[PDB]
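Lettering follows sequence order; numbering is per chain, from 1.
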Protein chains: 4
Amino acid sequence: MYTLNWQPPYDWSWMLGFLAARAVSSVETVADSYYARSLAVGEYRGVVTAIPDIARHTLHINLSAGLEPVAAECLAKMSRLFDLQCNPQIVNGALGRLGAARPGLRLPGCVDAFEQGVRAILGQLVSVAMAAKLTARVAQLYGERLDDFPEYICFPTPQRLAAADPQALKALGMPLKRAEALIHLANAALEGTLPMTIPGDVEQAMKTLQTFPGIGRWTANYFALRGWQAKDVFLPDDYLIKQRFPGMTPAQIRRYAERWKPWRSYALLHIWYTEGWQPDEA
Amino acid sequence: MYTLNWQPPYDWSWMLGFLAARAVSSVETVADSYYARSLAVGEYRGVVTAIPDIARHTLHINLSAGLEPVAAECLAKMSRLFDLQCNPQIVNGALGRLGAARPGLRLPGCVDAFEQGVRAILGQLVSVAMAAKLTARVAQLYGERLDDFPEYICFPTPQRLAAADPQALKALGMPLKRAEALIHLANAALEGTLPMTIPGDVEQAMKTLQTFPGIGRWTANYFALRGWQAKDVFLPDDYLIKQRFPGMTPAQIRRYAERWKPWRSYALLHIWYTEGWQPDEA
Amino acid sequence: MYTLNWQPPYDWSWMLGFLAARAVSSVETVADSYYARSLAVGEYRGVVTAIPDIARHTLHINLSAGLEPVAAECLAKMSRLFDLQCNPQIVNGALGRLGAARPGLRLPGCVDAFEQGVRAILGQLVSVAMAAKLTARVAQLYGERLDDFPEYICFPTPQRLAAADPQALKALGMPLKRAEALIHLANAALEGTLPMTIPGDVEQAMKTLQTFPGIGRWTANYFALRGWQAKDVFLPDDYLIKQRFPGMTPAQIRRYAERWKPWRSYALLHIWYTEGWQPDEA
Amino acid sequence: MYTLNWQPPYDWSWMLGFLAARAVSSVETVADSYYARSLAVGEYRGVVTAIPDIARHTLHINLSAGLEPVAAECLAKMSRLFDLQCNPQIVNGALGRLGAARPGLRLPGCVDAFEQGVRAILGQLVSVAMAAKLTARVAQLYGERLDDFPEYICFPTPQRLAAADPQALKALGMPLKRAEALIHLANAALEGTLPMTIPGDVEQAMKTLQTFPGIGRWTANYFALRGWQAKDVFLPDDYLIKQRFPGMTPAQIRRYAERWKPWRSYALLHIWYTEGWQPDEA
DNA sequence: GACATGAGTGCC
DNA sequence: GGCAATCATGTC
DNA sequence: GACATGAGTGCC
DNA sequence: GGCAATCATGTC
């Protein structure tokens, strides 16, 4: 129905693949040719379906009737999720060899900063697959089911999770601390204390984010990267990243990563997805 | 040349007139058949042209090339400015009598919360046409002029204002306290403390806003109304509103306005634009 | 055994009466010729007896064996409770007529500032008689009994009250907020945040005290007066004072009392103890 | 004139030696048989003279005419300075072997926490003799000369040091952060933030102190020991202490020191004044 | 991974 | 020796 | 209009 | 009494 453009190349299989690994049952549905999920903009709700068109370098977006009133916001959330803004020539030109194997690579965003904030926290310690499980369990117990599309459920809203009983969330498979970290976030979301869009000083904002309980530096970075689509953040505390920089302390990795400014976020994605990558034999 | 929907009726004449009066020279061009303004989204920028199609309840948005990479957000920004989501048959069904004269009334949003915040501040105590002229100076001094369209210039950014010399701001025609309010506001925008989108608890967010130097309740209320497009806020401290409710205290005005919950903002605009309106003998 | 002197005149009759009215059962005992109470200084506990000898205008102080190791402090405490440093000639000479009906008048101090802090809060609203009874129940429930004097019980320490159950204190016949105020006051004392001795800037010190939940301007003033024996503070919010200055508002009473600087605390006691008194209608 | 008791044994030779090496010229005088210093309690000033009587197990105190109105507090001040409360049988029964060589060891206190605070900071990273001269300058540059004893000057008051040129102090012989440490300490003293008497939670109180500029864990430890006469603190970060535990780290020392609870303050003193001391090689 | 403890360094 | 910036431990 | 004072009122 | 909400009032 609605259509947006993007600049080639765009590695849709890599992206869909990435979203598929982390998809949340009842919330999203990922296939090799499309992506679809529940979505709530204020009191408006429905199902969004994104269908890429390679030959045309266009993305077709359909919205169920309930979302039509806020169509444009839905589109903007979709464009942030898929990084339609990216100019591969600029980024690939800057990274050189690091991104030559997958020039279509994009930064997987999100459709809602609050949701991404919840996703990032439950992503702590556990595995990608396991986090998706847990999130799926939190969506289950706290999300609203779409009247018009029963199969789908909306990601839990801030007001709902802010009222949740720490004990209940704990019961789902997380320490009490983690559950408290979630409740605190929902409240910050309600008060306007959790930046919902990228802030002017990502560094300062991430720092402030770290005063939140349950949110350490890994969570704040990963959150800025996904929740804000911050393009210049590396994840030196990341598990897989420690594996890509054998025997290197976080500050070492951070300093090494500096050579990729101002597209560090993109370099991170490349390192993550380069099987045998290893620092330069220098 | 994208297109967005709107439900009828929609009083474009009234909407353009509202924006026209507050149009900031070099930023916005307001004619009776179209709206156009410079627009900056991150590093992306250009000019936006909005053309209403009464013919079939549609809004045609044109984007210059420099904004195409972020077309989606641009459209979202416009939908918030023109209140495209509004279902007038629902609002007027609630306001009844009060909105029967101008059923096509809409809430004039903004295209950026920070900009709107700056406008709210520079709108304090002075006349409408005055705030406009004054704001245009600020835009002229701290704005980034477009290369694609030289005639236009982008609204100041938070980093540019956060770094402004207070006195230099004062010299433009405002007290120092106001020049300082702007600077604080920009900082808050820089570190993610100024909610850029409507928060879950508008009351709470407004309370917090009032702790900002230069921001009192009238400014908070007004900011929430236009900056977040909050639909249920009234301005009992407004100059004109006080005239509409002869000899009533803010609390009394607010008690009275409760009859229009949950659409107090619409009620507010109708009362603002209804010369000679007076309260019932309730 | 121990002896401390004073400068005449001293209205022991009044001093003992005042104290007798506010005496806490099991804690203090007030006769017409002597005063006595339980007393703890660190881990040193015992009973103190003070017998004033008008004839030789000296104060007889006897100490149970348990306090002998910290005798001097016990002495300094009795001297603050009885204001033996007072030079009646300097005060009665700076007050004129106000201090004539009883020039022996002394500022009734306290034996421990935390204790006085508790007494100040429990003294809120209720009569002097009820405050006493209420304070008696707090002592009985959290107090420390002296192994050598089972009739006597030590006033609750911060360690016990800081750990107290809000509902337990409430059950003694006080609002939940008052109980919460006590618990907080205790924590401050544990943390070292409650001035246990008169601070250089009583004004600033009191202002800070008012940020304590449950402590308003009245409690702070009365606390400064009794707990720090600050000699220049008035109680313009005091109920009885309000009646001594009919028609006047807090600040007017406060503007009037400035005439008695820097001995406003004494003036307060005098105006307090003169049923007739009334201001001079300027 | 006034007499205070103490329990044997009491190493007066050592005590006076400790105070003599830290004696501030113009403030205090120390001799083989007595101690004497300026003393200010409110607007009352004068000279205090302490003379020990070994025959009677007593300390004789003499006050100059200007301190008589507050004699008892003066006495209490001397008692805290000379640790008259100490029961050597208890401390030695606990320290065992460690204090067997000088069972008359006492904890040298102070006559005022603020002063002690100032001395703690002025003694940072310098020799006892230098801190003495340095403090001496500070005393003369901001003190209160006694009219009845011209060569004696009262230690600077918090108000006087609060309102002091941060450069003038530097001039006397200290860094910039050094003088700012004083000025801050003074303000804290003016508003009642610096505990003047031992708090119920020494650990927590010290933690807060470390948030004071210029006041680190060492000063906070040494301040608790001398200014509050806390009896169970230790100084693992002390230069001399480190050498008494060759190699060991602040945490290891700290842990070995626990064997002396609840009298670590005493253990410390014995270790400071026992040269060839070294822990059990075990 | 978040978080408090503790321990290098290393500079005014 | 106050004080900012890392690492390495060790529960939750 | 923001923003300190200061009062009233009403409900803990 | 504490305290939040509310209503002038004077200043910038």
| Distance (rounded to the nearest 0.5 Å) between C/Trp272 CH2 and C/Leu235 CG | 5.5 Å
| Euclidean distance, atom CG of residue A/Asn221 to atom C1' of E/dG1 [Å, nearest integer] | 12 Å
| query | Roughly how many Å is it from CD1 in C/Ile253 to P in G/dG6, rounded to a whole number? | reply | 14 Å
| For C/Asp237 and G/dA7, what is the distance between atoms CG and P respectively, to the nearest whole Å? | 10 Å
| message | Is there a side chain to side chain donor-acceptor pair (under 3.5 Å) between C/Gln243 and C/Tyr239? Walk through the geometry before answering. | response | CA-CA 7 Å; C/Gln243 302 175 308; C/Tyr239 183 57; 3.1 Å; yes
| task | Look at all strands and tell whether C/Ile215 reaches a base, only sugar-phosphate, or nothing, counting heavy atoms closer than 4.0 Å. | result | sugar-phosphate
| field | Nucleotide G/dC3, atom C1' - distance to CG of B/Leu209 in whole Å | value | 16 Å
| said: For a quick test of reading the model, state the closest non-hydrogen atom pair linking D/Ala224 to D/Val202 and the distance between them. | reply: CB-CG1, 4.0 Å
| task | Provide the full list of side-chain hydrogen bond (donor to acceptor under 3.5 Å, both in side chains) pairs with a residue in residues 119-135 of chain B, sequence neighbours left out, each pair given once. | result | B/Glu28-B/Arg119, B/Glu115-B/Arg119, B/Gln124-B/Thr219
| Any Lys/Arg nitrogen of D/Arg255 or D/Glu258 sitting under 4.0 Å from an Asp/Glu carboxylate oxygen of the other? | no
| task | Figure out the CZ/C1' separation between C/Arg119 and H/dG1, and round it to whole Å. | result | 19 Å
| note | Re G/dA7: Watson-Crick or G-U wobble partner, both distances kept under 3.5 Å, found to be H/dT6
| task | Starting from the 5' end of DNA chain G, give me the residue, B/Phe212 or C/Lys177, whose nearest nucleotide shows up first. | result | B/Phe212
| Which part of the nucleic acid, if any, lies within reach of B/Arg254 when heavy atoms closer than 4.0 Å are counted: base, sugar-phosphate only, or nothing? | sugar-phosphate
| message | Students often get this wrong, so: under 4.0 angstrom with heavy atoms, is A/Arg217 touching a base, only sugar-phosphate, or nothing? | response | sugar-phosphate
| note | Given the 90°-from-0 boundary between syn and anti, H/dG1 should be labelled anti
| Roughly, in whole Å, what's the span from CD in D/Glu180 to P in E/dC12? | 16 Å
| Please give, in whole Å, the distance from G/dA2 P to B/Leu125 CG? | 9 Å
| field | Listed nucleotide nearest any side-chain atom of D/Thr249, set H/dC7, H/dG1, E/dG8 | value | E/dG8
| Complementary nucleotide for H/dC12 - Watson-Crick or wobble, under 3.5 Å | G/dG1
| query | For D/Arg178, which contact category applies under a 4.0 Å heavy-atom criterion: base, sugar-phosphate, or nothing? | reply | sugar-phosphate
| Atom-to-atom span, CD of B/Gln252 to P of G/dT9 - whole angstrom | 15 Å
